[PDB]
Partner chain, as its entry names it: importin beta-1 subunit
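Shown next as structure tokens: one chain only, the form solved without the partner chain.
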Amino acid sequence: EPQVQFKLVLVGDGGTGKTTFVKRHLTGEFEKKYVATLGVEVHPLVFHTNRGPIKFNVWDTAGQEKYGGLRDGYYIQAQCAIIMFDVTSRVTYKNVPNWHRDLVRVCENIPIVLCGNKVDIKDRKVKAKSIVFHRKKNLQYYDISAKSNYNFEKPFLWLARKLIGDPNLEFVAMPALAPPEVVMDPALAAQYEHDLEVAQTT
């Protein structure tokens, strides 16, 4: 018996929280592989479903997105992807179309998730109404906080359901995660859940 394994590319501007987000899955960080000529660290994030074990091999940069773009070797062969931005920084959000363009050019029709990070910070700039454009382009969206573990499993459970072709797939136990470094206020989570429903119903 082989192993069900998927290449996932994690892309987005420098300073958005990619490396902090991938590092929450503790065993993936313990067993990572550094490849210097690609400019990447590959993290084996294993998840446990109702039909069995799955592995997402997550590609995280070495910081080369701050002074340029990524080569075609980073993207080639991906089976899925996560594009991240920071919700307190608008310039990170306005560069999302160009990240989506590179994934489309090299990979064509793969399932892609858009993540808005740092939702624990009180003064938020980019809200739920500005995400509607990307939903009409066929991206899936989640509000994320890497430091408190808020919605960590969401992007991985949607991508597993798409790849396997099963809308009733579930995770039967959670992976060991790095203890929260900040508290996600419960009044801010209740308000942001309401903003998203308003925007995508009405």
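Positions refer to the first chain, counted from 1.
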- Note on the structure: When mean C-alpha B-factors in the record are compared for 192-200 and 4-12, the larger belongs to 192-200
- Of 130-138 and 49-57, the stretch with the higher mean C-alpha B-factor in the deposited entry is 130-138
- Assigned third (lowest, middle, highest) for the C-alpha B factor of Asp143: middle
- Tertile call for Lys118 (CA temperature factor, within chain, third-based) is the lowest
- Using the B-factor values recorded in the entry, state whether the Cα atom of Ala62 falls in the lowest, middle or highest third among the modelled residues of its chain. middle
- Message: When the deposited Cα B-factors of this chain's modelled residues are ordered and cut into thirds, is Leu169 in the lowest, the middle or the highest one?
- Response: middle
- Message: Split into thirds by Cα B-factor across the chain's modelled residues, where does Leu38 land: lowest, middle or highest?
- Response: highest
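From this point on, the text means the form solved in complex with the partner chain, which you will not see here.
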- Message: At 4.5 Å between heavy atoms, is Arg135 in contact with the partner chain in the entry with it bound?
- Response: yes
- Examine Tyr142 and determine whether its closest non-hydrogen atom to the partner chain in the entry with it bound is within 4.5 angstroms. yes
- Please check if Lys18 has a heavy atom lying within 4.5 Å of any heavy atom of the partner chain in the entry with it bound. no
- Are any of the heavy atoms in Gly69 no more than 4.5 Å from a heavy atom of the partner chain in the entry with it bound? yes
